[PDB]
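**Q** First residue of the sequence shown? That's 106 in my numbering, and the numbers climb one at a time after it.
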Amino acid sequence: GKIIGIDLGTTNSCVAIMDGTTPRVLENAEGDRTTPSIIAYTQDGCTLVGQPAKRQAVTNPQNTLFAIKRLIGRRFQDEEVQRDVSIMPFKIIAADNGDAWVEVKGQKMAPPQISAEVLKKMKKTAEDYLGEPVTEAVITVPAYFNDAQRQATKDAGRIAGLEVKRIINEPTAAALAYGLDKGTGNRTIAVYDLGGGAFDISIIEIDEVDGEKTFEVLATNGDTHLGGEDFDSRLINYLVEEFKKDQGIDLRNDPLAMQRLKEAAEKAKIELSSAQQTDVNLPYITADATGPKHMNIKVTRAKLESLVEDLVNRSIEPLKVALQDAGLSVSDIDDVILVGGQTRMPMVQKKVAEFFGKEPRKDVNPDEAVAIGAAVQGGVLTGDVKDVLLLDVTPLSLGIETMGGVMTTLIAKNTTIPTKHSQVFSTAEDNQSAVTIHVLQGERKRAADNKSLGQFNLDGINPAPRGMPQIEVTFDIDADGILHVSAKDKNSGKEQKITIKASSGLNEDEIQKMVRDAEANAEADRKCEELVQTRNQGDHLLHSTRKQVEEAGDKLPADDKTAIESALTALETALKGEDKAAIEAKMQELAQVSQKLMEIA
Ligand SMILES: Nc1ncnc2c1ncn2[C@@H]1O[C@H](COP(=O)(O)OP(=O)(O)OP(=O)(O)O)[C@@H](O)[C@H]1O
Ligand SMILES: [Mg+2]
Numbered sequence: 106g107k108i109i110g111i112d113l114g115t116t117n118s119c120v121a122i123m124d125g126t127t128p129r130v131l132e133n134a135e136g137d138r139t140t141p142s143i144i145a146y147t148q149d150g151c152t153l154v155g156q157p158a159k160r161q162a163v164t165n166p167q168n169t170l171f172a173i174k175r176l177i178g179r180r181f182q183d184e185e186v187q188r189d190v191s192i193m194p195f196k197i198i199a200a201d202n203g204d205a206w207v208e209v210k211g212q213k214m215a216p217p218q219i220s221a222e223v224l225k226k227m228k229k230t231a232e233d234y235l236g237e238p239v240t241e242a243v244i245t246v247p248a249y250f251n252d253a254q255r256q257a258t259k260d261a262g263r264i265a266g267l268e269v270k271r272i273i274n275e276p277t278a279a280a281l282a283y284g285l286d287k288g289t290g291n292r293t294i295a296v297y298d299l300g301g302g303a304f305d306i307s308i309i310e311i312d313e314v315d316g317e318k319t320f321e322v323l324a325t326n327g328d329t330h331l332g333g334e335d336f337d338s339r340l341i342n343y344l345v346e347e348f349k350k351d352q353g354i355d356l357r358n359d360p361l362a363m364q365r366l367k368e369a370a371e372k373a374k375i376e377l378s379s380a381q382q383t384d385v386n387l388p389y390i391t392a393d394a395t396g397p398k399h400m401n402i403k404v405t406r407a408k409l410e411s412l413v414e415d416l417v418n419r420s421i422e423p424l425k426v427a428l429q430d431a432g433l434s435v436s437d438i439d440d441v442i443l444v445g446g447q448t449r450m451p452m453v454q455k456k457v458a459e460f461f462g463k464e465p466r467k468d469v470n471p472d473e474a475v476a477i478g479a480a481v482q483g484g485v486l487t488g489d490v491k492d493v494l495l496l497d498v499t500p501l502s503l504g505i506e507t508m509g510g511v512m513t514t515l516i517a518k519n520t521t522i523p524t525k526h527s528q529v530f531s532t533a534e535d536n537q538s539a540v541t542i543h544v545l546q547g548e549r550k551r552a553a554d555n556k557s558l559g560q561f562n563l564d565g566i567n568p569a570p571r572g573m574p575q576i577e578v579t580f581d582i583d584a585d586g587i588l589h590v591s592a593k594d595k596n597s598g599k600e601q602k603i604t605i606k607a608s609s610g611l612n613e614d615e616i617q618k619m620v621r622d623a624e625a626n627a628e629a630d631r632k633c634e635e636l637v638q639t640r641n642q643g644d645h646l647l648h649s650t651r652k653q654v655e656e657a658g659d660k661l662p663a664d665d666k667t668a669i670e671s672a673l674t675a676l677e678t679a680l681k682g683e684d685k686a687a688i689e690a691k692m693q694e695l696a697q698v699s700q701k702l703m704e705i706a
């Protein structure tokens, strides 16, 4: 059917469709144009995504997962993951291959599955709105996502039952959303996307020659682990230090208190984007030997700015790096476009404006432009948006490890994608059977300081002295920015088989198994919905039977009254439980014992 565009954000996700030439953002089941990227697994087998998961996060700290986008595609021993391990209320564990997974109720779960739950909620929103199945989608990633993160997001899309037609960089989607109506003036733009967990900057030229829009990404940079979560962490650290000073209690040891404190810190941070001062005001935070406790702390805007200024400057540096890569200057920027809720902070806007010497645009919605651009990209793929060309780039230099552990670059950063690079490898010693190519991404001169894409073993090499075979290895980077390594015999042209070791991601068996698990999870969700409907029916029956008993009054026989009231109590007790069959049996018994009373009514 239609290709929906899904913004899979760290904090909030957003689904859009291409209604003709007009992109439209679809409200979810709860009536919100954005959905929190929160996933909760209850004890009863039900899965909550969005606001329903958000509401119960306090009572389910170890089984409510959020900010999974900051774990997806990452190794367990990574510094960012290691820091996040002691912060997140849910358990972060190491997969068998060393990837960072989560543990929920004793179950190891890859971040692609958890993100696929959010993608499934977006899919269900699109299908409820359109009244037809959806099987194709465009999914967004941060522009600076590496190969592992992009492939992991694509795998998450596949596990959700979606054919991922395109993985598009979020600043590119913002530029697509901006360029649909407005100029069309051969502009040059700087997209500054600061979300909940990731930050990107993209310098993109949009020139329209003879009604043919061309979006060419001149440069891109950023930090995939810098976002609103870090601002919240700074505010939480200040709050806990002040509360420990003025109350003598370390609040980090109480999971419920930490959950409510994180929520209040985010609330106060959002409030300080409009107010000059606010109050972190939470009663019943924790308890000590004396009894209940309360928190009321004044926070000015200046204090938050002091706490987050260094993060803002960390976001400023990639602007300079990207401008240098694009070979331009600050004055060359025709427009500056802010994307992301965290750019709503006055300090962020002031810093960006004073860096660029220019006011950022104010007609770009920072919460929905990315999904709209994804929908526009989908329409371009289908053909419903004609005369649009896209020349995106890869954000990281692709290289191989050579003698001394030194990186040799084959595809430099900011190279336009899709792209190819072929290189011939050969033997270096007598009677070799396999040659290993250590493929990595990064800019540092040392291989150990970069991101390892893995060891590609060309094994099964015919016996020969050193230097005899000529094996042409081709490195492809597709429109999604994902690497594909192929091999061929230079002399004959026959393909050479490659084995990938010491890599990251999911194999085909895991992906298919997780698709089956997602289908079973959908079955369980349907059963949970049916149980809720049954409980609603039971409540209706209770109310109707009580009304009829009350309106019959003294006309009702005493034995029938006692039996009906006992049945009412039993049905109420069953309704408070979590057993559908018991509820249905109690409803049947109540209907049987009160049949004549309801027939009279
Ligand atoms: N008015 C505001 N003032 C300050 N911060 C805000 C405001 N509105 C939203 N935020 C913050 O912005 C972040 C949400 O932005 P957004 O929804 O765009 O992130 P996201 O798309 O999920 O993240 P990302 O794109 O990095 O993956 C949260 O950290 C939130 O607390
Ligand atoms: Mg975002």
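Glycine is no exception: its CB is placed at the ideal position from the N, C-alpha and C atoms.
#1: Distance, Cα to Cα, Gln381 vs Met452?
#2: Where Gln528 and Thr513 are concerned, what is the direct C-alpha to C-alpha distance, given to the nearest angstrom?
#3: Is the beta carbon of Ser609 closer than 8 Å to that of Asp201?
#4: Alpha carbon to alpha carbon, how far is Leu170 from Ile273?
#5: Name, in chain order, the residues that DSSP records as bridge partners for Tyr146.
#6: Is the beta carbon of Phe461 closer than 8 Å to that of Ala295?
#7: Determine, using beta carbons only, whether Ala517 and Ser557 come nearer to each other than 8 Å.
#8: Distance, Cα to Cα, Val243 vs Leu331?
#9: Tell me whether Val296 counts as near ligand 2, meaning its Cβ is closer than 7 Å to at least one heavy atom of that ligand.
#10: From which residue to which residue does the beta strand (DSSP E) around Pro128 run?
#11: Check this for me: beta carbons of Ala215 and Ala265, under 8 Å apart or not?
#12: Using only CA atoms, which one of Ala686, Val469, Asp684, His648 lies nearest to residue 87?
#13: If you reduce the DSSP assignment to three classes, tell me which class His526 lands in.
#14: Decide if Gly682 is buried, meaning its Cβ has at least 16 other Cβ atoms within 10 Å, or exposed.
#15: Could you check whether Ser436 and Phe304 sit closer than 8 Å to each other, using their CB atoms as the reference points?
#16: Taking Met193 as the reference, give the member of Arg263, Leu323, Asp472, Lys367 with the closest Cα.
#17: Going by DSSP in three states, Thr674 sits in which element: helix, strand or coil?
#18: For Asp252, does the three-state DSSP call read helix, strand or coil?
#19: Short check: CB of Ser531 to CB of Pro574, under 8 Å?
#20: Just to confirm the assignment, what range does the alpha helix (DSSP H) spanning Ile477 have?
#21: For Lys228, tell me which candidate among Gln167, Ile108, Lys463, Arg406 has the shortest Cα-Cα distance.
#22: Rounding to the nearest angstrom, what Cα-Cα distance links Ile143 and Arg160 in this structure?
#23: Please list the terminal residues of the continuous beta strand (DSSP E) segment that includes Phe336.
#24: Nearest to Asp415 by alpha carbon, out of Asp614, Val637, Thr405, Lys456?
**A** Well, looking at it:
#1: 12 Å
#2: 12 Å
#3: no
#4: 25 Å
#5: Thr152
#6: yes
#7: no
#8: 24 Å
#9: no
#10: 127-130
#11: no
#12: A question about residue 87 goes unanswered here, because the residues of the chain that appear run from 106 up to 706.
#13: strand
#14: exposed
#15: no
#16: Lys367
#17: helix
#18: helix
#19: yes
#20: 474-487
#21: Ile108
#22: 10 Å
#23: Element bounds for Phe336: not the beta strand (DSSP E) but the alpha helix (DSSP H), 333-352.
#24: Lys456
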